[PDB]
Protein chains: 2
Amino acid sequence: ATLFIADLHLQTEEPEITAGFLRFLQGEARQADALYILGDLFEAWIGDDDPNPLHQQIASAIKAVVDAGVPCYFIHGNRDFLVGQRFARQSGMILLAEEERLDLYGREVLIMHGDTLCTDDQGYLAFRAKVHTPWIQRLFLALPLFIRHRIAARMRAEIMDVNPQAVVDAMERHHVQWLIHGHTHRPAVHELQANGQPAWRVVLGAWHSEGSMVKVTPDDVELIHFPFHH
Amino acid sequence: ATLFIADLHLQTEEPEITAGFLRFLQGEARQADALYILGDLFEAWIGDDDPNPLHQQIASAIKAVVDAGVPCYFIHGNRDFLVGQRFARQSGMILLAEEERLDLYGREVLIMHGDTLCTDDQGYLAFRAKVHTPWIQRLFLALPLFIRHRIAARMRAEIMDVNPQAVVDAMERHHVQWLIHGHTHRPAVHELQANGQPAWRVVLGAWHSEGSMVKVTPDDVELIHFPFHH
Ligand SMILES: Cc1cc(C#N)nc(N2CCN(S(=O)(=O)c3ccc(NC(=O)c4ccccc4N(C)S(C)(=O)=O)cc3)CC2)n1
Ligand SMILES: Cc1cc(C#N)nc(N2CCN(S(=O)(=O)c3ccc(NC(=O)c4ccccc4N(C)S(C)(=O)=O)cc3)CC2)n1
Ligand SMILES: [Mn+2]
Ligand SMILES: [Mn+2]
Ligand SMILES: [Mn+2]
Ligand SMILES: [Mn+2]
């Protein structure tokens, strides 16, 4: 089985979500062929040089999974787009592109965070375009850490769902009948049409009282919710 | 594993849902310790004497599961409250009460359809009280089938969510930390408090483009959505 998760929004303020994630990495994840994390692993990221102890606890847990023989992969979310090659090295995770077309036991699946599909949000997309410009990233990252923290705090003081056409267009660009994403925090299986055939869009949930994952096997694709009852 | 499903709303008009259900009974269900169907198996029911061919195709498929060594159980929904002992015999299913407290590998779980929790719907509950009165049922069922059909058709020409307090009260009456239901067609895992401890309410989805089930093992409880991709 290949596993997909997203929208953990991990942070110092929410230790119970972190514990649920650590339990998942130590249990479920070890049995998998691979683990894909489709963005918003962290609630925020201002650079890999951040000494936040949570960051190292998380990289250390993911690295254990990778070292146990289960490749882990990452696609950036809107929250954690500044996750970089240094974290990748610490965690053993491989950074992937904003869209990837996978071959899962012969089934072709498109994966992404899902924020790019939300084309009705002009505000978000203007923001995204700027923070995805390399020289704007390298500017922000060249500031002293204490100034990056002030910038984030000052920003602080509902997520728009996908545009249906944008979904079709993406599945048609990749010629696939399967899409897995998060971002929208609306866990669901959807049926549609793409490439003249039936297609499915499987949406992951955010981690709060529950976790969620998509499990892909040779014959099946399942969206699973689990409570943190341990 | 023990499996829970609900809200299939099976009907002549929707053969693709019926095929998804038959595939599930022939595959997934055969591997289980038991199968519980928590109501709204059928979109409508006007009595067991109805010769609708769908009714016999469904009973025959469920009976195969029971005969293969997997007990099947049923709790009535609002739609199919007139399902009776004759169908039970045809299907091999055991009829259970509107609330049951189960022991699943040491875990105590409350199961029900969920309509009784929806105490904000005065209209529904007035209806329910009447159609659950035995002598009102036996009156309706004593009519000729052709008159029962007219009555249903004439009735034809959104589902209220649960009352949060009603949920707590039910879990507290049974002294349980686990509740599984359907009815509301809002598949989700919810955390709450009952009996002074953390509790979980696991809600099944309706079958249309997807199926859903709750899988209970010694150590885990999972809500699973599956598309009908075969
Ligand atoms: C390179 C660059 C330049 C400048 C500078 N100066 N600033 C930064 N960020 C880095 C990321 N951090 S963050 O992690 O705390 C963060 C903060 C806000 C968002 N905002 C959004 O994602 C967003 C924006 C618009 C509309 C919707 C949005 N999301 C959907 S939402 C509702 O979750 O916030 C994302 C990450 C804030 C500072 N980066
Ligand atoms: C014993 C008795 C007496 C009389 C007579 N005369 N009539 C009957 N029924 C049997 C059931 N059939 S049914 O299966 O077609 C059916 C029809 C309507 C409902 N209505 C509701 O469930 C309902 C009613 C009020 C508010 C909400 C409701 N549901 C939530 S909903 C929106 O799904 O319909 C249920 C079953 C209709 C006739 N039974
Ligand atoms: Mn998110
Ligand atoms: Mn996001
Ligand atoms: Mn229903
Ligand atoms: Mn119902």
Side-chain angles (χ1 to χ4, degrees), chain B residues 2-10 34-48 58 62 71-89 91-104 107-141 159-187 190 192 194-195 199-207 212-214 216:
Chain B
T2 299
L3 300 182
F4 301 79
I5 66 174
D7 300 293
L8 291 91
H9 292 262
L10 297 175
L35 175 59
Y36 290 70
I37 308 177
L38 302 194
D40 289 358
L41 177 61
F42 290 103
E43 175 58 16
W45 201 267
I46 64 169
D48 293 355
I58 297 311
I62 293 169
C72 298
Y73 303 89
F74 184 75
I75 290 181
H76 297 90
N78 51 306
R79 297 303 298 181
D80 51 5
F81 60 87
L82 284 186
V83 162
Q85 194 48 51
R86 181 176 180 183
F87 190 68
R89 186 175 164 179
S91 67
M93 279 208 299
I94 295 170
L95 304 183
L96 294 180
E98 62 174 52
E99 295 178 349
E100 296 281 344
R101 178 180 134 249
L102 300 188
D103 177 58
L104 303 180
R107 188 185 288 99
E108 284 179 49
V109 187
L110 178 59
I111 60 162
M112 56 187 77
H113 186 58
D115 63 300
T116 55
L117 305 171
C118 300
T119 59
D120 294 303
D121 196 339
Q122 305 316 312
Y124 173 62
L125 266 72
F127 171 87
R128 186 184 191 287
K130 285 148 204 164
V131 303
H132 280 76
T133 308
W135 71 256
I136 298 188
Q137 289 188 352
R138 288 156 191 224
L139 190 96
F140 178 79
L141 282 174
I159 297 176
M160 183 84 71
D161 205 352
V162 303
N163 175 279
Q165 190 59 53
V167 167
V168 170
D169 291 355
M171 299 189 74
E172 286 183 338
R173 282 191 281 97
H174 291 268
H175 305 85
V176 296
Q177 310 313 128
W178 294 94
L179 168 59
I180 307 176
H181 70 80
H183 183 60
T184 64
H185 300 182
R186 293 173 184 82
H190 301 276
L192 63 149
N195 310 305
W200 300 277
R201 173 168 73 86
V202 186
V203 183
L204 288 153
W207 295 42
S212 56
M213 70 189 177
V214 173
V216 178

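Side chains included, hydrogens not; waters and symmetry mates left out as well; all remaining heavy atoms used. In what follows, chains carry the letters A, B, and so on, assigned in the order in which the sequence lines appear, proteins first and then strands, with residues in each chain numbered from 1.
In this structure, CZ in B:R128 is found 6.0 Å from OG1 in B:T116, a value given to the nearest 0.5 Å. Here the OG1-OH distance, from B:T2 to B:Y36, works out to 6.5 Å after rounding to the nearest 0.5 Å. How far CG of B:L96 is from CD1 of B:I75: 5.5 Å, rounded to the nearest 0.5 Å. Taking CG of B:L139 as the reference point, atom OG1 of B:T133 lies at 11.0 Å (rounded to 0.5 Å). Remark: B:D121 CG to B:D115 CG distance equals 10.0 Å, nearest 0.5 Å. Rounding to the nearest 0.5 Å gives a distance of 4.5 Å between CD1 of B:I37 and CD1 of B:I5.
In terms of heavy-atom proximity, B:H174 sits nearest to B:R101 at O-CD, 3.6 Å. The heavy-atom pair separating B:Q122 from B:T119 by the smallest distance is NE2-O, 3.3 Å. In terms of heavy-atom proximity, B:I159 sits nearest to B:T184 at CG2-CA, 4.2 Å. The two residues B:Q137 and B:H132 make their nearest non-hydrogen contact at NE2-CA, 3.9 Å. When all heavy atoms of B:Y73 and B:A34 are compared, the closest pair comes out as CE1-CB, 4.1 Å. Of all heavy-atom pairs spanning B:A199 and B:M171, the tightest one is CB-CE, 3.8 Å.
Inter-residue side-chain proximity for B:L38 and B:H183 is flagged as unmet; no heavy-atom pair is nearer than 4.5 Å. Side-chain contact between B:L117 and B:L179: present, with at least one pair of heavy atoms (C-beta onward) separated by less than 4.5 Å. Proximity of B:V162 to B:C118: side-chain heavy atoms (C-beta onward) are separated by under 4.5 Å at one or more points. With a 4.5 Å cut-off on side-chain heavy atoms, B:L110 and B:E100 do not count as touching. Taking the side chain as every heavy atom from C-beta outward, B:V109 and B:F4 never approach each other to under 4.5 Å. Contact of the B:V216 side chain with the B:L102 side chain is not registered, since no non-hydrogen atoms from C-beta on lie closer than 4.5 Å. In this structure, the side chains of B:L41 and B:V83 stay at 4.5 Å or more apart for every pair of heavy atoms.
B:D40 is linked by a salt bridge (charged side-chain N to carboxylate O under 4.0 Å, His left out) to nothing, counting only residues two or more places apart in sequence or in another chain. Take B:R186 and apply the salt bridge (charged side-chain N to carboxylate O under 4.0 Å, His left out) test, not counting sequence neighbours, and it matches B:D161.
Between the side chain of B:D7 and the backbone N or O of B:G182, no donor-acceptor pair lies under 3.5 Å. Between the side chain of B:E98 and the backbone N or O of B:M112 there is no donor-acceptor pair closer than 3.5 Å.
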Exercise. Is there a side chain to side chain contact (heavy atoms under 4.5 Å, CB included) between B:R107 and B:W178 once you walk through the steps?
Worked result: CA-CA 8 Å; B:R107 188 185 288 99; B:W178 294 94; 3.4 Å; yes

For this session: Start with the C-alpha distance between B:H190 and B:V167, add both sets of side-chain angles, then the distance that settles side chain to side chain contact (heavy atoms under 4.5 Å, CB included), and finish with yes or no.
Result: CA-CA 11 Å; B:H190 301 276; B:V167 167; over 6 Å; no

Problem set entry | Criterion side chain to side chain contact (heavy atoms under 4.5 Å, CB included) on B:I111 and B:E99, from CA distance to verdict | CA-CA 6 Å; B:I111 60 162; B:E99 295 178 349; over 6 Å; no

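The aromatic rings of B:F74 and B:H76 sit perpendicular to each other, their planes meeting at more than 60°, with 30° as the lower class boundary.
Screening B:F140, B:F42, B:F87 against B:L82 for a side chain to side chain contact (heavy atoms under 4.5 Å, CB included) leaves a single residue, B:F140.
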